[PDB]
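What's in final-v9.pdb: PDB, C-alpha atoms (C1' of nucleotides) and all ligand atoms
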ATOM      1  CA  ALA A   1      76.443 210.259 123.492  1.00  0.00           C
ATOM      2  CA  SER A   2      75.271 213.834 124.343  1.00  0.00           C
ATOM      3  CA  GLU A   3      74.343 215.084 127.864  1.00  0.00           C
ATOM      4  CA  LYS A   4      73.179 211.508 128.598  1.00  0.00           C
ATOM      5  CA  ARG A   5      76.307 209.285 128.383  1.00  0.00           C
ATOM      6  CA  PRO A   6      77.356 205.718 129.400  1.00  0.00           C
ATOM      7  CA  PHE A   7      79.813 204.781 132.173  1.00  0.00           C
ATOM      8  CA  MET A   8      83.477 204.042 131.287  1.00  0.00           C
ATOM      9  CA  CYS A   9      86.588 202.219 132.499  1.00  0.00           C
ATOM     10  CA  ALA A  10      90.278 203.171 131.889  1.00  0.00           C
ATOM     11  CA  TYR A  11      92.083 199.846 132.608  1.00  0.00           C
ATOM     12  CA  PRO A  12      93.921 198.062 129.691  1.00  0.00           C
ATOM     13  CA  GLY A  13      92.129 195.346 127.667  1.00  0.00           C
ATOM     14  CA  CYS A  14      88.722 196.298 129.246  1.00  0.00           C
ATOM     15  CA  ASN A  15      85.490 197.241 127.421  1.00  0.00           C
ATOM     16  CA  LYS A  16      85.956 200.766 128.929  1.00  0.00           C
ATOM     17  CA  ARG A  17      82.215 201.287 128.648  1.00  0.00           C
ATOM     18  CA  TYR A  18      79.457 200.191 131.065  1.00  0.00           C
ATOM     19  CA  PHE A  19      75.656 200.693 131.207  1.00  0.00           C
ATOM     20  CA  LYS A  20      74.888 200.334 134.960  1.00  0.00           C
ATOM     21  CA  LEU A  21      76.439 202.494 137.698  1.00  0.00           C
ATOM     22  CA  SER A  22      76.792 199.710 140.327  1.00  0.00           C
ATOM     23  CA  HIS A  23      77.720 197.099 137.712  1.00  0.00           C
ATOM     24  CA  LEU A  24      80.554 199.436 136.630  1.00  0.00           C
ATOM     25  CA  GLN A  25      81.408 200.173 140.335  1.00  0.00           C
ATOM     26  CA  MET A  26      81.793 196.424 140.963  1.00  0.00           C
ATOM     27  CA  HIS A  27      83.724 196.192 137.670  1.00  0.00           C
ATOM     28  CA  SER A  28      86.157 198.853 138.916  1.00  0.00           C
ATOM     29  CA  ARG A  29      86.908 196.696 142.031  1.00  0.00           C
ATOM     30  CA  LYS A  30      88.073 193.891 139.679  1.00  0.00           C
ATOM     31  CA  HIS A  31      90.914 196.056 138.285  1.00  0.00           C
ATOM     32  CA  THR A  32      92.202 197.123 141.766  1.00  0.00           C
ATOM     33  CA  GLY A  33      93.746 193.577 141.841  1.00  0.00           C
ATOM     34  CA  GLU A  34      95.270 193.939 138.328  1.00  0.00           C
ATOM     35  CA  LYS A  35      97.078 197.362 138.583  1.00  0.00           C
ATOM     36  CA  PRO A  36     100.734 196.772 137.453  1.00  0.00           C
ATOM     37  CA  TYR A  37     103.479 197.515 140.045  1.00  0.00           C
ATOM     38  CA  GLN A  38     107.241 196.707 140.335  1.00  0.00           C
ATOM     39  CA  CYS A  39     109.504 195.933 143.326  1.00  0.00           C
ATOM     40  CA  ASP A  40     110.711 199.117 145.094  1.00  0.00           C
ATOM     41  CA  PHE A  41     113.810 197.402 146.589  1.00  0.00           C
ATOM     42  CA  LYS A  42     117.430 198.497 145.845  1.00  0.00           C
ATOM     43  CA  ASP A  43     118.302 195.261 143.955  1.00  0.00           C
ATOM     44  CA  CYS A  44     115.057 193.815 142.489  1.00  0.00           C
ATOM     45  CA  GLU A  45     112.965 194.086 139.280  1.00  0.00           C
ATOM     46  CA  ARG A  46     109.909 191.843 139.941  1.00  0.00           C
ATOM     47  CA  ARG A  47     106.328 192.907 139.164  1.00  0.00           C
ATOM     48  CA  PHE A  48     103.009 192.695 141.025  1.00  0.00           C
ATOM     49  CA  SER A  49      99.296 193.182 140.257  1.00  0.00           C
ATOM     50  CA  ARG A  50      98.449 195.288 143.366  1.00  0.00           C
ATOM     51  CA  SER A  51      99.883 197.573 146.079  1.00  0.00           C
ATOM     52  CA  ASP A  52      99.157 194.830 148.642  1.00  0.00           C
ATOM     53  CA  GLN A  53     101.186 192.232 146.610  1.00  0.00           C
ATOM     54  CA  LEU A  54     104.085 194.684 146.157  1.00  0.00           C
ATOM     55  CA  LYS A  55     103.919 195.716 149.871  1.00  0.00           C
ATOM     56  CA  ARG A  56     103.874 192.009 150.840  1.00  0.00           C
ATOM     57  CA  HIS A  57     106.819 191.375 148.492  1.00  0.00           C
ATOM     58  CA  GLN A  58     108.793 194.199 150.194  1.00  0.00           C
ATOM     59  CA  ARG A  59     108.388 192.241 153.519  1.00  0.00           C
ATOM     60  CA  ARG A  60     110.556 189.453 151.946  1.00  0.00           C
ATOM     61  CA  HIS A  61     113.381 191.997 151.305  1.00  0.00           C
ATOM     62  CA  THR A  62     112.898 193.991 154.549  1.00  0.00           C
ATOM     63  CA  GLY A  63     112.291 190.995 156.886  1.00  0.00           C
ATOM     64  CA  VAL A  64     109.131 192.829 158.105  1.00  0.00           C
ATOM     65  CA  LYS A  65     107.120 190.295 160.181  1.00  0.00           C
ATOM     66  CA  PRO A  66     104.563 192.419 162.134  1.00  0.00           C
ATOM     67  CA  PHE A  67     101.919 189.676 162.620  1.00  0.00           C
ATOM     68  CA  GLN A  68     103.036 188.337 166.037  1.00  0.00           C
ATOM     69  CA  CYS A  69     101.251 185.293 167.487  1.00  0.00           C
ATOM     70  CA  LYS A  70      99.445 186.240 170.740  1.00  0.00           C
ATOM     71  CA  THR A  71     100.512 182.801 172.156  1.00  0.00           C
ATOM     72  CA  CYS A  72     103.770 181.690 170.483  1.00  0.00           C
ATOM     73  CA  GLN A  73     105.020 185.309 170.028  1.00  0.00           C
ATOM     74  CA  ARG A  74     106.081 183.905 166.616  1.00  0.00           C
ATOM     75  CA  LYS A  75     106.329 186.786 164.156  1.00  0.00           C
ATOM     76  CA  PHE A  76     104.761 186.274 160.714  1.00  0.00           C
ATOM     77  CA  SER A  77     104.738 188.522 157.613  1.00  0.00           C
ATOM     78  CA  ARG A  78     101.141 187.701 156.525  1.00  0.00           C
ATOM     79  CA  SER A  79      97.715 187.687 158.203  1.00  0.00           C
ATOM     80  CA  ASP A  80      96.730 184.497 156.293  1.00  0.00           C
ATOM     81  CA  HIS A  81      99.867 182.727 157.759  1.00  0.00           C
ATOM     82  CA  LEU A  82      99.091 184.060 161.280  1.00  0.00           C
ATOM     83  CA  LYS A  83      95.376 183.084 161.018  1.00  0.00           C
ATOM     84  CA  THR A  84      96.500 179.685 159.671  1.00  0.00           C
ATOM     85  CA  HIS A  85      99.013 179.232 162.519  1.00  0.00           C
ATOM     86  CA  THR A  86      96.265 180.461 164.908  1.00  0.00           C
ATOM     87  CA  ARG A  87      94.204 177.292 164.084  1.00  0.00           C
ATOM     88  CA  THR A  88      97.155 175.297 165.598  1.00  0.00           C
ATOM     89  CA  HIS A  89      95.940 176.505 169.056  1.00  0.00           C
ATOM     90  CA  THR A  90      92.250 176.609 168.037  1.00  0.00           C
ATOM     91  CA  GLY A  91      91.991 172.903 166.978  1.00  0.00           C
ATOM     92  CA  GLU A  92      90.068 174.253 163.947  1.00  0.00           C
ATOM     93  CA  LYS A  93      90.337 171.546 161.230  1.00  0.00           C
ATOM     94  CA  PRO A  94      87.353 172.015 158.825  1.00  0.00           C
ATOM     95  CA  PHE A  95      89.009 170.395 155.740  1.00  0.00           C
ATOM     96  CA  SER A  96      87.751 166.803 156.247  1.00  0.00           C
ATOM     97  CA  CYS A  97      88.555 164.097 153.676  1.00  0.00           C
ATOM     98  CA  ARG A  98      85.819 162.671 151.404  1.00  0.00           C
ATOM     99  CA  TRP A  99      87.414 159.309 150.522  1.00  0.00           C
ATOM    100  CA  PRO A 100      85.162 156.181 150.920  1.00  0.00           C
ATOM    101  CA  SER A 101      87.205 155.081 153.989  1.00  0.00           C
ATOM    102  CA  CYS A 102      88.359 158.385 155.584  1.00  0.00           C
ATOM    103  CA  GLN A 103      87.095 161.338 157.657  1.00  0.00           C
ATOM    104  CA  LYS A 104      90.504 162.825 158.681  1.00  0.00           C
ATOM    105  CA  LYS A 105      90.526 166.615 158.924  1.00  0.00           C
ATOM    106  CA  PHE A 106      93.059 169.367 158.220  1.00  0.00           C
ATOM    107  CA  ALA A 107      93.226 173.104 158.969  1.00  0.00           C
ATOM    108  CA  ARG A 108      94.437 173.933 155.428  1.00  0.00           C
ATOM    109  CA  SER A 109      92.827 173.286 152.031  1.00  0.00           C
ATOM    110  CA  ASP A 110      96.233 172.401 150.524  1.00  0.00           C
ATOM    111  CA  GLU A 111      96.956 170.034 153.518  1.00  0.00           C
ATOM    112  CA  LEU A 112      93.749 168.174 152.529  1.00  0.00           C
ATOM    113  CA  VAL A 113      94.860 168.221 148.816  1.00  0.00           C
ATOM    114  CA  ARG A 114      98.184 166.747 150.006  1.00  0.00           C
ATOM    115  CA  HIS A 115      96.352 164.121 152.126  1.00  0.00           C
ATOM    116  CA  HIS A 116      94.310 163.056 149.078  1.00  0.00           C
ATOM    117  CA  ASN A 117      97.604 162.857 147.078  1.00  0.00           C
ATOM    118  CA  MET A 118      98.880 160.331 149.692  1.00  0.00           C
ATOM    119  CA  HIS A 119      95.517 158.518 150.067  1.00  0.00           C
TER     120      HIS A 119
ATOM    121  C1'  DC B   1     103.609 164.862 157.569  1.00  0.00           C
ATOM    122  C1'  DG B   2     102.543 169.154 159.896  1.00  0.00           C
ATOM    123  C1'  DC B   3     103.518 173.808 159.123  1.00  0.00           C
ATOM    124  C1'  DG B   4     106.469 177.664 157.793  1.00  0.00           C
ATOM    125  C1'  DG B   5     106.630 181.157 154.137  1.00  0.00           C
ATOM    126  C1'  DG B   6     106.198 183.369 149.361  1.00  0.00           C
ATOM    127  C1'  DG B   7     103.034 184.095 144.675  1.00  0.00           C
ATOM    128  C1'  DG B   8      98.735 185.335 142.628  1.00  0.00           C
ATOM    129  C1'  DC B   9      94.016 186.876 143.013  1.00  0.00           C
ATOM    130  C1'  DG B  10      89.027 188.401 144.353  1.00  0.00           C
ATOM    131  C1'  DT B  11      87.021 191.806 147.292  1.00  0.00           C
ATOM    132  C1'  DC B  12      84.581 194.732 150.875  1.00  0.00           C
ATOM    133  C1'  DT B  13      85.819 199.245 152.893  1.00  0.00           C
ATOM    134  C1'  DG B  14      87.934 203.458 153.191  1.00  0.00           C
ATOM    135  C1'  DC B  15      90.291 207.390 151.273  1.00  0.00           C
ATOM    136  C1'  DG B  16      91.700 210.470 147.733  1.00  0.00           C
ATOM    137  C1'  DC B  17      91.250 212.596 143.239  1.00  0.00           C
TER     138       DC B  17
ATOM    139  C1'  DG C   1      80.936 209.889 141.519  1.00  0.00           C
ATOM    140  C1'  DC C   2      84.945 206.630 140.449  1.00  0.00           C
ATOM    141  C1'  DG C   3      89.206 204.871 140.966  1.00  0.00           C
ATOM    142  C1'  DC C   4      92.877 203.179 143.875  1.00  0.00           C
ATOM    143  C1'  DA C   5      94.755 201.689 147.655  1.00  0.00           C
ATOM    144  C1'  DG C   6      94.977 199.331 152.045  1.00  0.00           C
ATOM    145  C1'  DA C   7      93.978 195.541 154.293  1.00  0.00           C
ATOM    146  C1'  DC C   8      91.594 190.541 155.044  1.00  0.00           C
ATOM    147  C1'  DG C   9      91.088 185.790 153.189  1.00  0.00           C
ATOM    148  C1'  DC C  10      92.216 181.706 150.313  1.00  0.00           C
ATOM    149  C1'  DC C  11      94.103 178.655 146.970  1.00  0.00           C
ATOM    150  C1'  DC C  12      98.444 176.911 145.340  1.00  0.00           C
ATOM    151  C1'  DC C  13     103.185 175.219 145.671  1.00  0.00           C
ATOM    152  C1'  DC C  14     107.577 174.316 147.821  1.00  0.00           C
ATOM    153  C1'  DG C  15     110.734 173.145 151.425  1.00  0.00           C
ATOM    154  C1'  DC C  16     112.091 171.324 156.023  1.00  0.00           C
ATOM    155  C1'  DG C  17     112.877 168.760 160.590  1.00  0.00           C
TER     156       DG C  17
HETATM  157 ZN    ZN A 201      87.756 197.918 133.135  1.00  0.00          ZN
HETATM  158 ZN    ZN A 202     111.841 192.640 145.062  1.00  0.00          ZN
HETATM  159 ZN    ZN A 203     101.136 180.532 168.259  1.00  0.00          ZN
HETATM  160 ZN    ZN A 204      91.325 160.726 153.715  1.00  0.00          ZN
END
Give the structure from this file in structure tokens form.
Ligand SMILES: [Zn+2]
Ligand SMILES: [Zn+2]
Ligand SMILES: [Zn+2]
Ligand SMILES: [Zn+2]
Amino acid sequence: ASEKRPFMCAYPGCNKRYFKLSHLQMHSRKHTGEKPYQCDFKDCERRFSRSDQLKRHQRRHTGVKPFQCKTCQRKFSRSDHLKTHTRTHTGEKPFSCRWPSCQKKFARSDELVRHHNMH
DNA sequence: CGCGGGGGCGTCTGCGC
DNA sequence: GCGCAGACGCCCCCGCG
């Protein structure tokens, strides 16, 4: 509390005080995904928790699909969609079922969740 | 039924304050 | 030195031919 002082944070609803440099550094990373933003479009008022979410959201208004498939030339707006679509050519289906009479595999976690819902 | 496409979220890395 | 942002990865949910 004098010369020697603890670490602090500035984000809402946090403790705003930490005791370990790296523990606080890691803590700071947590809030980078919680920083409040709003849509920057001409006719929107939605909110986001990060620049990346807001930037992604802008793609829905702007039609910006820069992630073009090297094979299909199909333009996507997200890397996770492109990498997911990529597995279509890569035969990469790691999400195998665990039912007592199945071993069918999917390339998406939610596709496996869906499979189980139809099992 | 396989896959497109948007939401929210954690996170390493890099940059800027 | 820390904080924020930019960018990568996934889960989750919905809709379509
Ligand atoms: Zn904090
Ligand atoms: Zn918007
Ligand atoms: Zn393709
Ligand atoms: Zn199964």
Report as a PyMOL selection string the set of chain A residues whose atoms approach chain C to within 9 Å, with distances computed over all atoms listed in the file. chain A and resi 25+28-29+32+35+50-52+79-80+109-110
Give the residue list for ligand ZN 202 (chain A) at 12 Å, counting only C-alpha atoms (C1' of nucleotides) and all ligand atoms, as a PyMOL selection string, sorted by chain and then by residue number. (chain A and resi 37-48+53-63) or (chain B and resi 6)
Which residues would end up in the selection if the PyMOL selection byres ((chain B) within 9 of (chain A and not hetatm)) were applied here, given that I need the answer as a PyMOL selection string? chain B and resi 2-11
Would you write out, as an MDAnalysis selection string, every residue that the PyMOL selection byres (((not hetatm)) within 9 of (chain A and resi 203)) captures in this file? chainID A and resid 68:74 82 85:89
Save the residues we just selected, C-alpha atoms, as a tab-separated table (two decimals), keeping the file's coordinate frame?
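And here is the file that came out, out05.tsv:
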chain	number	residue	atom	x	y	z
A	68	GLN	CA	103.04	188.34	166.04
A	69	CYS	CA	101.25	185.29	167.49
A	70	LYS	CA	99.44	186.24	170.74
A	71	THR	CA	100.51	182.80	172.16
A	72	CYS	CA	103.77	181.69	170.48
A	73	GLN	CA	105.02	185.31	170.03
A	74	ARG	CA	106.08	183.90	166.62
A	82	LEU	CA	99.09	184.06	161.28
A	85	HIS	CA	99.01	179.23	162.52
A	86	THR	CA	96.26	180.46	164.91
A	87	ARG	CA	94.20	177.29	164.08
A	88	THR	CA	97.16	175.30	165.60
A	89	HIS	CA	95.94	176.50	169.06
Dump the neighbourhood of ligand ZN 201 (chain A) as a VMD selection string: all residues within 8 Å, distances computed on all atoms listed in the file. chain A and resid 8 to 17 27 to 28 30 to 31
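The residues sitting within 12 Å of ligand ZN 204 (chain A), with all atoms listed in the file considered, come out as residues 95, 96, 97, 98, 99, 100, 101, 102, 103, 104, 105, 106, 111, 112, 113, 114, 115, 116, 117, 118 and 119 of chain A.
The space between CA of residue 36 (chain A) and CA of residue 20 (chain A) spans 26.2 Å.
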Between CA of residue 24 (chain A) and CA of residue 4 (chain A) - distance in Å to one decimal: 16.3 Å
Hey, can you check how far CA of residue 93 (chain A) sits from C1' of residue 13 (chain B)? 29.3 Å
